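Structure first, then comments.
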Amino acid sequence: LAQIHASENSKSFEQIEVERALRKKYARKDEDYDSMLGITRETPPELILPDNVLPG
Amino acid sequence: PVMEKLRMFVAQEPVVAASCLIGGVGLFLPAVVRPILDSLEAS
Amino acid sequence: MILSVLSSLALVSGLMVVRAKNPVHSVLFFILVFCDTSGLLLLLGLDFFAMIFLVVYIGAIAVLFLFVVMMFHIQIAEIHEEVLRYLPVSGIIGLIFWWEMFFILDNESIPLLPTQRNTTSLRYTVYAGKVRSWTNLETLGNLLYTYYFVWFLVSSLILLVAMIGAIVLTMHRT
Amino acid sequence: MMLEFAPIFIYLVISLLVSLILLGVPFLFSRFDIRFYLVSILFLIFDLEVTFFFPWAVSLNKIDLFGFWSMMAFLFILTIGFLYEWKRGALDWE
Amino acid sequence: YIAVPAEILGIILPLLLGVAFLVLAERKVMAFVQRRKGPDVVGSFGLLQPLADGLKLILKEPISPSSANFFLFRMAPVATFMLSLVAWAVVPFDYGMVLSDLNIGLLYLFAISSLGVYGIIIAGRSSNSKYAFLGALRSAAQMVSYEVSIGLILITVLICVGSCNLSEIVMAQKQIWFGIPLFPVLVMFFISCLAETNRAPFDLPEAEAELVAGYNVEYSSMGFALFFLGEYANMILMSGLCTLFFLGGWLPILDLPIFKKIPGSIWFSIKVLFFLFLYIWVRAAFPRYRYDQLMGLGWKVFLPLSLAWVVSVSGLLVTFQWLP
Amino acid sequence: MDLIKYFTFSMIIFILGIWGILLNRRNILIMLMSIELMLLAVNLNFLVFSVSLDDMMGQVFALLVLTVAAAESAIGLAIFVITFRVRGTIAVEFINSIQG
Amino acid sequence: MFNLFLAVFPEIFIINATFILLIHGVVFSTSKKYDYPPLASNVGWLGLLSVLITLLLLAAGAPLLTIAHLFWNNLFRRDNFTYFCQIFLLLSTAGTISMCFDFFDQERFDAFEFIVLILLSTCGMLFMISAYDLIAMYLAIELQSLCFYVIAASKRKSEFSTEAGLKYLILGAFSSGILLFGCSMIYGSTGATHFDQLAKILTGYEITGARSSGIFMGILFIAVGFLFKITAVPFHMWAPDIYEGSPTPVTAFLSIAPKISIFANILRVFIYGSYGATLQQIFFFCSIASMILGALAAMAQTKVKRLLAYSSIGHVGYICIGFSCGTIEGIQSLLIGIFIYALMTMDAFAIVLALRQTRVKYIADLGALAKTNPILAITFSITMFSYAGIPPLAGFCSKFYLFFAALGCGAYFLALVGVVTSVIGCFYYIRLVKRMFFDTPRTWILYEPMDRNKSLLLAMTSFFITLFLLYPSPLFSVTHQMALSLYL
Amino acid sequence: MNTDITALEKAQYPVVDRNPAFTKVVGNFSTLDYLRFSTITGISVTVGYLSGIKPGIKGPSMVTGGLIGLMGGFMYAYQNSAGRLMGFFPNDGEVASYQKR
Ligand SMILES: C[C@@H]1CC[C@@]2(OC1)O[C@H]1C[C@H]3[C@@H]4CC=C5C[C@@H](OCCC(CO[C@H]6O[C@H](CO)[C@@H](O[C@H]7O[C@H](CO)[C@@H](O)[C@H](O)[C@H]7O)[C@H](O)[C@H]6O)CO[C@H]6O[C@H](CO)[C@@H](O[C@H]7O[C@H](CO)[C@@H](O)[C@H](O)[C@H]7O)[C@H](O)[C@H]6O)CC[C@]5(C)[C@H]4CC[C@]3(C)[C@H]1[C@@H]2C
Ligand SMILES: CCCCCCCCCCCCCCCCCC(=O)O[C@@H](COC(=O)CCCCCCCCCCCCCCC)COP(=O)(O)OCC[N+](C)(C)C
Ligand SMILES: CCCCCCCCCCCCCCCCCC(=O)O[C@@H](COC(=O)CCCCCCCCCCCCCCC)COP(=O)(O)OC[C@H](O)CO
Ligand SMILES: CCCCCCCCCCCCCCCCCCCC(=O)O[C@H](COC(=O)CCCCCCCCCCCCCC)COP(=O)(O)OCCN
Ligand SMILES: COC1=C(OC)C(=O)C(C/C=C(\C)CC/C=C(\C)CC/C=C(/C)CC/C=C(\C)CCC=C(C)C)=C(C)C1=O
């Protein structure tokens with residue numbers, strides 16, 4: 001747990017803004033329109049937590 | 001710098017560019033040349 | 001007599017449209033109905049409409065129906081039902097429509113009973129209208145694009161809606 | 001006049017008879033692909049375009065500039081639709 | 001009207017003979033390009049080969065597989081064959097040499113062309129074979145796709161002529177053959193004719209070696225022969241249409257008394273023969289497209305160019321007041 | 001008698017469309033086909049009247065109605081396709097969830 | 001030549017802007033460089049702008065819309081009535097669009113084609129209002145209908161949305177065929193399709209014994225199509241299913257604009273034409289049936305959308321009473337009812353769309369709303385009481401006229417039906433108020449606050465509903481003006 | 001094509017030109033016409049910019065909004081100028097310029 005908290009608390013202003021925008025963009029989805037467009041939106045790695053902290 | 005973007009479009013889509021030129025001539029003639037020919041006839 | 005033949009063919013083919021168990025067969029009979037309709041149009045002297053009914057109804061619309069119905073591979077269990085129990089409801093609805101609607105023109109357009117006399121000699125010929133006869137095609141084209149052009153353009157808008165809707169509802173880009 | 005259509009009917013009857021003779025003499029001795037629907041729709045649209053072209057083509061001498069530009073507007077609407085289809089990938093079979 | 005059946009037979013029977021010998025001519029020309037001899041054993045110079053093949057076909061037992069579409073399976077080749085035959089009722093071979101002088105003949109030809117797709121579709125579906133069905137669907141899609149360009153080219157000619165009467169279309173070329181000013185349109189028309197008749201380089205049904213089964217693979221004996229005959233009659237018809245619309249039909253090359261000596265039917269025949277030779281030559285020269293490539297060509301190349309030619313011809317003729 | 005015979009032809013086509021609606025409660029594709037039959041009958045009504053009345057208005061509207069019929073069939077078959085895609089079946093018991 | 005087209009400047013502009021937005025959306029939605037951005041909100045804002053510019057062009061050019069009227073006569077007819085009807089239609093479209101942005105971004109409905117189809121349907125309804133011939137009327141109706149069919153099925157993976165679309169297309173196509181048959185019968189009987197010609201032929205005879213059965217049944221079939229369009233009983237059952245199954249912004253748009261357009265059509269066809277007492281009796285019986293069925297079915301509903309659908313059916317019954325009585329005050333009251341019902345429906349659907357952010361579905365989902373959002377519960381209560389017709393709220397006008405016509409045309413069964421159905425309606429409207437204010441449920445649903453657009457629209461419509469009867473003169477004068485302009 | 005500009009409701013102001021030519025109407029643009037034109041275009045560009053930020057296409061969105069605004073504003077200015085020349089709108093300036101040239 002300490003790793004993810006340390007990583008978040010040490011981020012600079014610019015990275016905080018970048019991740020705010022990324023979080024807003026990927027908060028919801030329209031997979032049907034993506035399938036119409038023939039694209040697959042992937043969650044950026046800076047929003048994915050490591051597996052060792054996930055409930056499973 | 002839109003003078004080689006048109007070059008690139010012509011190089012990559014010759015059929016579309018040719019269609020646009022042919023149809024554009026077909027539209028330009030009645031829109032521009034025909035009123036000119038009508039005006040020269042009045043005088 | 002000839003209109004009796006064509007109407008009989010249309011009646012049977014239409015019953016086959018609405019009663020064939022296999023939907024592919026229904027589409028094929030529908031095509032027979034449009035052929036008979038085209039024959040009637042030729043009898044009326046409207047050769048442009050006679051040909052256009054083949055080009056559009058059979059050549060484009062029925063082809064669309066056939067492509068869709070064939071790829072559906074409908075099983076009869078999904079659409080089967082006995083129709084013997086509908087004979088009464090069709091009898092009343094059909095008869096009321098029959099009694100009212102096959103005879104609606106009779107009071108306004110009373111038929112001329114064919115007599116045992118040659119009325120053909122009373123046909124008056126005006127040669128003035130025959131010097132330069134117009135085809136059905138050119139009579140229609142004299143009007144579509146100038147005096148009634150707005151309706152023409154609205155029809156174009158309708159077709160644009162069809163294109164957009166077809167894409168938005170079914171497209172799955174690879 | 002519709003007189004010229006009668007030979008066509010007799011021709012059809014004879015061609016049918018030839019077909020039956022030729023075919024009958026030897027008796028003596030679940031994967032729905034949407035792209036087909038889409039190509040059907042496009043064909044329907046341009047079929048109607050040709051349909052509307054026919055009277056216009058024979059009537060150009062009488063409708064003059066007004067008819068020409070009205071048909072041009074018709075074509076502009078339909079071609080915007082075509083551009084929409086092109087961009088969306090309806091014309092790609094890969 | 002009592003003599004009308006004689007005229008109809010005088011059209012249909014020589015046409016069937018001409019198809020039988022078009023098959024032989026294709027084989028001969030293909031062979032000669034390939035430095036071999038085509039059929040030259042069955043009859044002198046192989047001239048009896050078509051009769052032998054037809055006799056073999058009629059003497060072949062029919063199969064009629066145990067499908068649930070017994071009627072449709074046999075009627076599909078009848079439909080395509082009859083449609084191939086009936087287009088010739090309006091084709092003029094010379095001035096006054098035509099069975100039906102239709103005022104709406106151009107649209108009638110378009111309608112027949114649009115009807116041609118049903119034989120292939122029904123043969124594919126009724127045969128109870130997924131490969132035949134898929135091949136038939138692809139072939140039908142290709143034909144409807146190229147029909148659009150064919151119709152637009154027809155409209156270009158119609159704008160030039162001002163009448164749907166085929167004989168009038170021919171006689172409107174007395175001043176100049178339409179193939180000279182509209183040469184790219186003629187090239188487009190010939191390619192679209194190749195694609196519309198499922199001919200090389202567009203012959204998907206012939207691509208069995210490419211894992212693409214044709215729509216007629218389950219057919220034997222005379223149903224298969226009917227499909228083949230309809231296809232080759234349609235090739236002759238497309239050559240005739242190219243001749244009528246762009247090479248001035250029965251007209252001579254030059255309006256001179258020396259050329260006017262030879263009858264117009266001979267001029268028409270010679271032009272048709274040139275186009276049939278080009279059919280064979282093209283089949284001999286090139287490999288074939290994939291289905292997706294030819295569909296892309298149909299919708300992305302020939303449709304826009306045909307529409308552009310419609311606009312350009314109409315605009316030019318309206319501008320200088322050269323309309324018919 | 002010509003005009004009554006031409007009108008009853010179109011009339012039988014219209015009644016057949018109505019009957020096709022009535023007789024096809026489990027088959028909504030045929031219901032769409034019956035609606036086209038009715039539209040064809042109306043189109044024929046306009047053409048016959050145009051000749052009988054010696055007037056062109058019936059013919060202009062007939063062409064435009066053909067355009068409407070084409071667009072209608074295109075959109076309807078798209079909706080049929082997507083309904084089938086969602087359910088995997090065209091049976092009427094799988095399109096009855098909206099009620100009350 | 002160019003100046004002739006001043007009569008169609010509004011329509012030219014909106015069509016061209018719609019084309020521009022279509023091209024913009026398709027070019028940038030497919031852009032890899034821009035990572036396929038959703039453009040529903042961008043195109044929505046640009047289309048709201050386009051609608052407002054169209055409204056400016058139309059309102060500021062009132063005389064110019066009548067220019068070259070002889071040249072345009074066989075295509076359409078623009079006058080004061082069409083002027084005000086089109087202005088109201090554009091205002092309704094602008095409001096409906098403004099209510100859609102939270103739906104676009106939070107659901108992530110990214111399809112910009114939704115906005116384009118709405119704009120094209122608005123074009124169709126504009127042409128519907130000015131239609132002066134059966135052919136033009138049919139074409140405009142069909143354009144509008146096809147756009148609705150497509151947008152009703154916009155959630156193309158949803159069972160509900162696909163079901164709505166399928167039912168709509170089948171029943172819509174059937175009704176359109178019936179109407180077209182009626183048009184063909186009228187043409188065959190009279191040789192005419194222009195409304196002026198029909199007025200001249202049909203006036204002075206109605207049913208003078210030798211009545212054209214062709215004319216009588218053409219009118220009947222056309223009326224059947226019209227009644228389907230206004231969701232009048234017994235041609236109504238498409239409406240509740242379509243309203244519930246469609247995406248809620250679609251439901252809001254369908255609830256208002258088509259009614260305005262089709263009622264303009266009905267006025268100019270029937271009122272301006274002539275078969276007469278038969279057709280007013282048609283609308284009389286359909287009004288009574290619609291009031292009764294709407295009241296009872298709405299009383300049965302447990303879901304908000306279905307309740308509003310049945311409420312709208314009942315209210316079109318109330319409105320058609322005005323058409324039935326066949327007087328200048330009848331037409332004026334019909335117009336007043338349409339305007340007030342439209343504003344109330346806009347208010348109600350703004351609330352519904354605000355609550356859809358937390359997926360409101362059942363009436364019981366409103367429990368404890370007076371605690372979790374007091375001003376929202378009050379606003380919704382004002383809408384309900386206005387729907388019930390409680391004075392001095394704006395909704396009281398329709399009730400007052402219903403009874404005014406019942407004692408003016410001389411109809412006491414109608415008055416009895418109005419009393420009973422009004423009481424039933426009040427019950428099922430105040431049931432919602434009881435749910436928000438009186439109930440104490442064990443589990444509460446906390447709703448996300450609405451966006452600025454819906455709050456502003458709600459604030460203005462709520463002042464109108466509460467305060468309209470303090471200053472009702474402009475609506476009364478404009479509706480009297482329109483009623484008169486139909487014949488002069 | 002037969003044409004007839006005649007309106008249903010007659011002009012309430014002096015008719016300087018019954019059917020003014022396109023270029024005459026454009027040359028008749030006043031300062032108020034240009035103000036209307038510029039305001040409509042500027043508002044449209046602003047809406048394009050602001051609505052384009054979230055998708056990330058604010059520039060192209062500005063261009064699209066500007067095209068819509070240019071067309072709408074020109075149509076509005078033309079409407080006003082032509083209506084003034086035709087006598088449908090108050091046209092004191094047009095009458096004054098007409099009584100002198
Ligand atoms: C490309 C693909 C392939 C497929 C396809 O396309 C697509 O291929 C296409 C190919 C199409 C066929 C093409 C061609 C036809 C022939 C047509 O059939 C002609 C019928 C018409 C013409 O018939 C006569 O017309 C003239 C007489 O009228 C004759 O002229 C004489 O008489 C002149 C006057 O004295 C003299 O001056 C002349 O010198 C003298 O010669 C002329 O010879 C003769 O032809 C209409 O006739 C009738 O109409 C009459 C009126 O109703 C009826 O009258 C009756 O009712 C009256 C009360 O009402 C009573 O008073 C009457 O007593 C009482 O009799 C009666 O039934 C009957 O006459 C029927 C349609 C069909 C099969 C098409 C079907 C569809 C296709 C297969 C298409 C298909 C889809
Ligand atoms: C007489 C009419 C007929 C009968 C119908 C009656 C309908 C109402 C039923 C009456 C029973 C009791 C109703 C109780 C409602 C009173 C409480 C109330 O509405 O208070 C609102 C107040 O609601 C309003 O906002 C009402 C505003 C309406 C404005 C109307 C006035 C127009 C001119 C005033 C100008 C501005 C103020 C001037 C002085 C500063 C507070 O809302 P909350 O959700 O609690 O919190 C709001 C959030 N915040 C406080 C942080 C801002
Ligand atoms: C794929 C090709 C796309 C082409 C797109 C570009 C062209 C689209 C059409 C744009 C409208 C016309 C633009 C051309 C300007 C030149 C017009 C012109 O030259 O004026 C002529 C007149 O041209 C016109 O007035 C025709 C305008 C065409 C109608 C375009 C529709 C505009 C809005 C219509 C409103 C109706 C509602 C629309 C419904 C959807 C003069 O003719 P005349 O008065 O001397 O005699 C008439 C004629 O010769 C005899 O019949
Ligand atoms: C008649 C009874 C009495 C009525 C009294 C009327 C009094 C006049 C009204 C006074 C208004 C007071 C508030 C003025 C300041 C607010 C300015 C809005 C600023 C703004 O840019 O809002 C934008 C949104 O657009 C919007 O939110 C505005 C659009 C909202 C809909 C407004 C109507 C538009 C369509 C017309 C419908 C007509 C219906 C008639 C049937 C962005 O907002 P943001 O920055 O907070 O970010 C939102 C997250 N995306
Ligand atoms: C509870 O018991 C039961 C019934 O009884 C209510 C039933 O019915 C049925 C089944 C039979 C039915 C529903 C037939 C009724 C259908 C009709 C009348 C078709 C018309 C449709 C509607 C929605 C009625 C609307 C029409 C009205 C109100 C009047 C028409 C118009 C005017 C007067 C202008 C069953 C099984 C049943 O168990």
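Order of the sequence lines sets the chain letters (A, B, ...), proteins ahead of strands, with each chain counted from 1. Worth knowing before you read on, the calculation uses all heavy atoms, side chains too, and leaves out hydrogens, waters and symmetry mates. Just follow the structure's listing: the first ligand is 1, and inside any ligand the first atom is 1.
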Checking a contact table here: which protein heavy atom is nearest [atom], and how many Å away?
atom: atom 3 (C) of ligand 4; value: G/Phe463 CB, 3.5 Å
atom: atom 41 (C) of ligand 4; value: G/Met346 CE, 3.6 Å
atom: atom 32 (C) of ligand 4; value: G/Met460 CE, 4.0 Å
atom: atom 38 (C) of ligand 4; value: G/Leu91 O, 3.8 Å
atom: atom 19 (C) of ligand 4; value: G/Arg452 CD, 4.2 Å
atom: atom 11 (C) of ligand 4; value: G/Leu456 CD2, 4.0 Å

Heavy atom of protein inside 4.0 Å of [atom], strictly below:
atom: atom 29 (C) of ligand 4; result: yes
atom: atom 50 (N) of ligand 4; result: no
atom: atom 46 (O) of ligand 4; result: yes
atom: atom 26 (C) of ligand 4; result: yes
atom: atom 15 (C) of ligand 4; result: no
atom: atom 7 (C) of ligand 4; result: no
atom: atom 43 (O) of ligand 4; result: yes

F/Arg25, CZ: over 12 other non-hydrogen atoms inside 6.0 angstrom =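 Open.
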Got a second to check how far [X]'s [atom1] is from [Y]'s [atom2], nearest 0.5 Å?
X: G/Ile375; Y: G/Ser462; atom1: CD1; atom2: OG; value: 7.0 Å
X: G/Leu366; Y: G/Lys434; atom1: CG; atom2: NZ; value: 11.0 Å
X: G/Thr96; Y: G/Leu457; atom1: OG1; atom2: CG; value: 8.5 Å
X: G/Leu171; Y: F/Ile21; atom1: CG; atom2: CD1; value: 9.0 Å
X: G/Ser311; Y: G/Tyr341; atom1: OG; atom2: OH; value: 7.5 Å
X: G/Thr18; Y: G/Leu46; atom1: OG1; atom2: CG; value: 11.5 Å

Indicate yes or no: at least one non-hydrogen side-chain atom of [X] is less than 4.5 angstrom from one of [Y].
X: G/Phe339; Y: G/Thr479; answer: no
X: G/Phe101; Y: G/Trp45; answer: yes
X: G/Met291; Y: G/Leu402; answer: yes

request  = Determine the minimum heavy-atom distance between H/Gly66 and H/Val45, stating which atoms define it.
outcome  =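 Minimum heavy-atom contact is CA-CG2, 3.6 Å.
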message = One thing to verify: whether G/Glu244 and G/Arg306 come together as a salt bridge, which I'm taking to mean a side-chain N less than 4.0 angstrom from a carboxylate O.
response =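 G/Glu244 and G/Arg306: salt-bridged.
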key: Electrostatic pair G/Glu107:G/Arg356 at N-O distance under 4.0 angstrom   =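 Looking at G/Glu107 and G/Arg356, the cut-off is not met.
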Any idea how [X] and [Y] line up, ring-wise: parallel (<30°), tilted (30 to 60°), or perpendicular (>60°)?
X: G/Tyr243; Y: G/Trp238; value: perpendicular
X: G/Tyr275; Y: G/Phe216; value: tilted
X: G/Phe468; Y: G/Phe476; value: perpendicular

ask   = Below 3.5 angstrom, do we get any N/O pair linking G/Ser92 and ligand 4?
value =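 No, there is no polar N/O contact under 3.5 Å.
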inquiry  = Regarding ligand 4, does G/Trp45 bring an N or O atom to under 3.5 Å of one of the ligand's N or O atoms?
reply    =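 For ligand 4, there is no N or O atom that lies under 3.5 Å from one belonging to G/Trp45.
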ask   = Any idea which atoms of ligand 4 are less than 4.0 Å away from a heavy-atom of G/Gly95?
value =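 Near G/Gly95, meaning under 4.0 Å from one of its heavy atoms, ligand 4 has 35 (C), 37 (C).
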Exercise: do H/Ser61 and G/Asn42 side chains pair donor with acceptor under 3.5 Å =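 Per modelled atom types, H/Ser61 and G/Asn42 side chains form a pair under 3.5 Å.
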ask   = Do G/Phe226 and G/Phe270 make the cut of ring centroids closer than 6.0 angstrom?
value =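 Judged by ring-centre distance (under 6.0 Å), G/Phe226 and G/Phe270 do meet the cut-off.
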inquiry  = Using a 4.0 Å cut-off on heavy atoms, what residues surround ligand 2? Order them by chain and number.
reply    =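 Those residues closer than 4.0 Å to ligand 2 by some heavy atom are G/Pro374, G/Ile375, G/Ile378, G/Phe463.
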inquiry  = So is G/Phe464 touching ligand 4 or not, going by heavy atoms under 4.0 Å?
reply    =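 G/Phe464 counts as a contact of ligand 4 under the 4.0 Å cut-off.
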Amino acids contacting ligand 5, non-hydrogen cut-off under 4.0 Å =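 Lining ligand 5: G/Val233, G/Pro234, G/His236, G/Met237, G/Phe285, G/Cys286.
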